[PDB]
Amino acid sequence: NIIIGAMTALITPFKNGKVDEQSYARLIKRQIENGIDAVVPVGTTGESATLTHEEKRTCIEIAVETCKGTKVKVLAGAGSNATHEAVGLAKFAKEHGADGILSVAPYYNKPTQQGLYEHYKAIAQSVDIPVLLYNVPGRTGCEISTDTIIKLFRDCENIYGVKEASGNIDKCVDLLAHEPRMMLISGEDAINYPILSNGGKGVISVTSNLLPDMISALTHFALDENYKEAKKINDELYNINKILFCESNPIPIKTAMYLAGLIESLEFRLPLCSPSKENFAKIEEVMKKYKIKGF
């Protein structure tokens, strides 16, 4: 079983230091109504590092409850740099109705390839729901090698692919050339189309928070092999895809959602904070050429 297509790494809106549960639910329904195939609660874009275990439960339960009765899947973030914790978060995400888990590579402690294998093997054997690996070396300080990804894909039934955020289209070829049955997912919006055109089967997008219809159309154009139309949308989105990373994700996207009136307060949890006034103006200017769907 797999979870693919156009997917959104959901932001986590805050109101006076607390999770805005009403805004969280209405933001997910806005994603559902704009053709998004799955939502990723408490991911990296959702500020998972600063959320309590209770708040992660609430965000996952809201996502599951909002997506019931639709095709939209819930791919909950449940990674950790401690394997015993990552196993607990995986079991915790399943108990709350998630269709699958996105489990980031252990950050900071830099496990070896052997350790990465044993880390994910313990996670996969703890649940019966699909597990999508998440490789983002710029954040974690380590890399899940192609061989390690392929071994985990072949040895673990529920591990069905990887979300790549590594700016390495060479590795994307390497992955799908040696194991074309895995689901390569783009975790980097600017290169959504090149990953999809090489056989990638979906994206986990940051831009889709603001422009879910455009990311969805891009993905489904690519899945129907209409690469001209898929590339066109990807080219159209390049400016917004880069300006959403002038500061660290999710600082720009939350700023954009606030500027569009899609979230009610521009609140982060430290060490995340508001962007500079120069980047605030940059985001506000680039957004003006994109039509932002309302509620």
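Start at 1 and count along the sequence shown; that's the residue number.
In this entry, the higher average B-factor at the C-alpha atoms falls on 92-100, of the pair 92-100 and 201-209. As the entry records it, the average C-alpha temperature factor is higher for 153-161, out of 169-177 and 153-161. Residues shown: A76, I185, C142, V127. Highest C-alpha temperature factor in the entry: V127. When the modelled residues of the chain are ordered by their C-alpha B factor, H84 lands in the middle third.
In the PDB entry, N249 places in the middle third of its chain by CA B-factor. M7: CA B factor in the lowest third of modelled residues in this chain (values from the PDB entry). The entry lists a Cα temperature factor for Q31 that places it in the lowest third of the chain's modelled residues. Per-chain ranking of the deposited C-alpha B factor places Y108 in the highest third.
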